[PDB]
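A.B. asks: Here's a structure for you.
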Amino acid sequence: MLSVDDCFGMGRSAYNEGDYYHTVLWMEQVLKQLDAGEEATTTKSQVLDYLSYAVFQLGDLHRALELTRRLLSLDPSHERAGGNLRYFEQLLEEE
Amino acid sequence: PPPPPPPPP
């Protein structure tokens, strides 16, 4: 009985406290519901923005990259996606 | 360039 937008608010709250582990769980739930077709004012792009960053803070560069690429595909002029993609691709070369 | 700032509050 939490709406899509309620779950996004929960994940944003957790993110603002630096709780990236629970940010991921909340944002994955939001994204699941959006990808299933449910209505909301929150956009897929907004979710992928927080999700990719929290995943990165947890240390998963490959998943942060994949999420950032999806974010950019849906939001080419996004404030952060393009710059994060460049940075993440750099970190990939340290492998 | 450095990475963008983190997502806002």
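Simple scheme: letters A, B, ... for chains in structure tokens order, numbers from 1 for residues in each chain, numbers from 1 for ligands in the order shown.
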Identify, on the basis of only C-alpha atoms, every residue whose closest approach to residue B:3 does not exceed 12 Å; exclude the query and any residue fewer than 5 positions from it along the same chain; express the result as an NGL selection string.

C.D. replies: :A and (53 or 79-91)

A.B. asks: Pick out the chain B residues within 7 Å of chain A. Count only C-alpha atoms. Give them as JSON, numbers by chain.

C.D. replies: {"B": [3, 4, 7, 9]}

A.B. asks: Next, write the just-selected residues to a file, as a PDB file, in the first residue's frame, keeping N, CA, C and O atoms as the atom set.

C.D. replies:
```pdb
ATOM      1  N   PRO B   3      34.240  14.216 -12.227  1.00  0.00           N
ATOM      2  CA  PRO B   3      32.854  13.728 -12.354  1.00  0.00           C
ATOM      3  C   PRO B   3      31.867  14.784 -11.887  1.00  0.00           C
ATOM      4  O   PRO B   3      32.225  15.681 -11.105  1.00  0.00           O
ATOM      5  N   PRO B   4      30.625  14.732 -12.357  1.00  0.00           N
ATOM      6  CA  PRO B   4      29.609  15.681 -11.876  1.00  0.00           C
ATOM      7  C   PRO B   4      29.364  15.519 -10.387  1.00  0.00           C
ATOM      8  O   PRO B   4      29.691  14.476  -9.798  1.00  0.00           O
ATOM      9  N   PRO B   7      23.782  13.218  -7.113  1.00  0.00           N
ATOM     10  CA  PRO B   7      22.389  13.631  -7.240  1.00  0.00           C
ATOM     11  C   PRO B   7      21.978  14.502  -6.069  1.00  0.00           C
ATOM     12  O   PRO B   7      22.455  14.318  -4.936  1.00  0.00           O
ATOM     13  N   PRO B   9      19.666  16.437  -3.036  1.00  0.00           N
ATOM     14  CA  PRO B   9      18.755  15.899  -2.018  1.00  0.00           C
ATOM     15  C   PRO B   9      17.332  15.685  -2.556  1.00  0.00           C
ATOM     16  O   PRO B   9      16.880  16.372  -3.478  1.00  0.00           O
TER      17      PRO B   9
END
```
